[PDB]
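Just dropping this structure here.
Letters A, B, C, D, E and F name the chains as they come in the text, with residue numbers starting at 1 for each one.
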Amino acid sequence: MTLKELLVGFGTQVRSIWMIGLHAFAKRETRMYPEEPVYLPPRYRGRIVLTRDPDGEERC
Amino acid sequence: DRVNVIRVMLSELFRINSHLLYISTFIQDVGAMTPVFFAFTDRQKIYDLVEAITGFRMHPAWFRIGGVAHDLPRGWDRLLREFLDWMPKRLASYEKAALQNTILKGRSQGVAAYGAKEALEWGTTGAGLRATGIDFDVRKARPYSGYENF
Amino acid sequence: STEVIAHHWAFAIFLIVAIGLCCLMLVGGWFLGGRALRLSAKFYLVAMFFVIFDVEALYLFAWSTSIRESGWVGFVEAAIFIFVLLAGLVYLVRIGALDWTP
Amino acid sequence: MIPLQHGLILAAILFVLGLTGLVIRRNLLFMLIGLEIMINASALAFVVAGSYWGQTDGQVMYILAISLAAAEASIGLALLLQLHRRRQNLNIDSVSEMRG
Amino acid sequence: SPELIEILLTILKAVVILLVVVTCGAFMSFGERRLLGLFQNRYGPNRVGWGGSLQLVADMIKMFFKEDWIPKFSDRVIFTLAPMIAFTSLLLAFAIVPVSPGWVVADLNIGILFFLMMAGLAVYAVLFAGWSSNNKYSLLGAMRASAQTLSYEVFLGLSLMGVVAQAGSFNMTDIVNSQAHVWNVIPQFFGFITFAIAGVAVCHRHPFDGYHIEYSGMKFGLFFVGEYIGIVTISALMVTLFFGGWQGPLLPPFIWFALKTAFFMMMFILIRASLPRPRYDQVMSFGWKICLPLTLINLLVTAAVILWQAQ
Amino acid sequence: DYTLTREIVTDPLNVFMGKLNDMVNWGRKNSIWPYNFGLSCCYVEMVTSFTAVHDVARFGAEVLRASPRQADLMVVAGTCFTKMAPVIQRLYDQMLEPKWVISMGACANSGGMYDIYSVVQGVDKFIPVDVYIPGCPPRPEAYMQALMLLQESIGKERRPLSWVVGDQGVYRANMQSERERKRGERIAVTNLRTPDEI
């Protein structure tokens, strides 16, 4: 191939290598389940329950 | 109007999620590995906002006939502002790290090319139709759900 | 000398222990655990190119270790050799022999 | 310590065994294999002869021998590929049409 | 007798080098996982043991006690034969490397020639794995991979010939002694980059990487540990051939050798994590049209410079 | 209580052989190699679990081989269609012992919402399943929770150490179900956060 695009490609490979090397020093985005408890929003749709009224009986 | 703006918000959020997954999977198909991890971190930010809004990640089932299921929770603007501050630097980083690599360009440029006639005669729409120069987006040609206001 | 025979023994033990460890871990892998089209000529073309250019490479291997005592006349002979080799390589590239895609 | 006669005996044995491999096999691949055995055995003979006298002439003729062996491998395998392409078999008495 | 004592000490040093490099290859695979995690903003395996260091033992136990499966309609001898080739060829390629003054396995007068024999024998692992699997997909994949590694092996020795010419001998002790004033990376930089590309490609590393979809259990472990042994081998070779070997100003020489080798292994990790994969024909064009004339011109210029200084 | 497949038996486990069995099960549970099998939505959540924001690699389960011979664990992450049911059966039959099955999603558990003509109602109709995960889709942390459940099941089983000496019989552990185990604390929940807040 043409030497110009070869040199540009080599420089771009060096740029990608350097960007991953800079990423090596960043902070981790890992949420450490199960040691870190997973935060869930209050209206998240998970395990289904049947609740009770403030008197104490079952609401259903 | 508020229903239209809410549905536009969630549709655009899921569009960003789908586009992030698509770009990361294409980059992984070319051969680079890190952008799929980074784009899935961004997808987790999106999923945090969507979990706050609806209560689910992938299939919220939140739109209704005549509106949406619930109202917006007290404090969604903080999460949206955090996501909008988080995105563009990472998107530029993705472009610089993988989408400007000349090996990726050699793998992807000029591969499986077709003109506007092949896109029209096969019914291809979306980015495959707009890459032929045919400016046909449904959000601008046949507007819906308050997309004119944006 | 003691040094050369000692290093010959060390190389022999190196080879023997490497082969023995590798086949031993094969034996350990086998021993444990309970039970339950037509190609194209381009492969031949590039392999035969590889063979011919490896023989050219062996000639340059013989040359490169003795450049100092061969003098400038050896440089001239190797220059003719390398120019013939590069002419052959340019010939293969230009006629589309080394181009994998048709 | 190693006699020269032993080296030439070994080289001769490998050469004549390659001659059997060339003669008795109808498959052209095994014929080329036997040819390579014979030329490599004769190269071994040259190396033994050069190592007896203490000269590099045997190694130089060995280098020429392996160059010939490589190029002959290339030509013979190309011809074998052409024979398999145009006849769909490697029988050497199938290519026997010219006679008399 | 002191002669037998010296013989036993040399044998002990050689076997120490052997177990050290095998353990270094296995822990280098563990460091592959950890450093890929570090480069990709995560942790990697860090739960099995203190810091994850016992993940390797659990993985090796799992591959040991996995049910071995030779295919029913395969060729048994060739199918099991490819992994010992892939392991032993690169191990004996490492066998010539002098890691320290006095800590050398064999001072062979051929040296880098012996590395060339082992690198030539290494292609039979891929070819035998492709044929013996009795799978046409694996056969096609191994044909492509073997053509790749042949097209990039064809200039490996020619890249090393600049260092051979500057040293004036094939022995590695002379090579690491000729780098006393200046390291060979400075005059042989084009030889350095061509040798690095060739060494990456003949190890079938990214971005030069199926013919392994039929191996399982300990055969896959053999293939992979042999590949990492080859990574360590190529790193130590380029340390000894271009970066002065064990020679260093302040630290003990083994520390310099280990630091340079670890730098080159982490460069392997970064090269895999960073660059994408080029297409097959583009790789062929780069290996034939560019690298081989570059090595030839580098050898010619090296010879001209060597004969120019010695008027 | 233990289950035989070659029935309901007792724990058969000498103390040295038990120690080696413990190390074998430890090395098996600390290295699980899932099969890269992309069916449906739940596979996308699996590869969400594999990435950096979640890092299932910490458990030594980041291998994700493309060949059934190399992989150990089959995660049915999607719907079992009538056209892909023989494909799933062949991919399961092309695996090697030990083999574990995790069914992600209501599709793989029972067919889910798709009680339809072209859907097999659960992968347990024709392959055994080690661990089920409910959810449509299960979140990535639920996939990790099922991974630790599979690790706990592996650490208690007693597979044959060798094929030449020992009882060649699969000894799975009848674990206490998670519903009865967590009923002591799920019922005790009294007040949750109101959904109007974030």
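To be clear about the criterion, a contact is a pair of C-beta atoms (placed from the backbone, for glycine too) under 8 Å apart; a residue touches a chain by one contact, two chains touch by 3 or more.
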item	value
Furthest chain, CA centroid comparison against chain B	D
Chain nearest the overall Cα centroid	E
Interface with more contacting C-beta pairs, comparing E-F to B-E	E-F
Chain whose mean Cα position lies farthest from chain F	D
Gap in Å, rounded to a whole number, between the CA centres of chain B and chain A	17
Distance between chain centroids, defined by C-alpha means - chain A, chain E (Å)	35
Centroid spacing, where centroids are CA-atom means, of chain C and chain F in whole angstrom	47
Chain centre separation in whole Å, for chain F relative to chain D (CA means)	60
Per-residue overlap in chain C, given as positions that touch at least 2 other chains	32-36, 54
Numbers and ranges of chain D residues touching at least 2 other chains	none
Chain B: positions in contact with at least two other chains	32, 34, 37-38, 41, 44, 52, 55, 70, 73, 98, 101, 103
Chains that touch, pairwise	A-B, A-E, A-F, B-E, B-F, C-D, C-E, C-F, E-F
Residue ranges of chain F in contact with chain A within the complex	52-55, 58, 141, 144-145, 148, 186, 189, 192-195, 197-198
Partner chain B, residues of chain E touching it in the complex	36, 39-42, 206-207, 272-279, 282
In the complex with chain E, residue positions of chain B that touch it	27, 30-34, 37-38, 41, 98, 101, 103-104, 106-107
Sites on chain F touched by chain C in the complex	96-97, 159-164, 166, 168
Chain F partner contacts - residues on chain B that touch it in the complex	21, 36-38, 40-41, 43-44, 52, 55, 57-59, 70-71, 73-76, 78-79
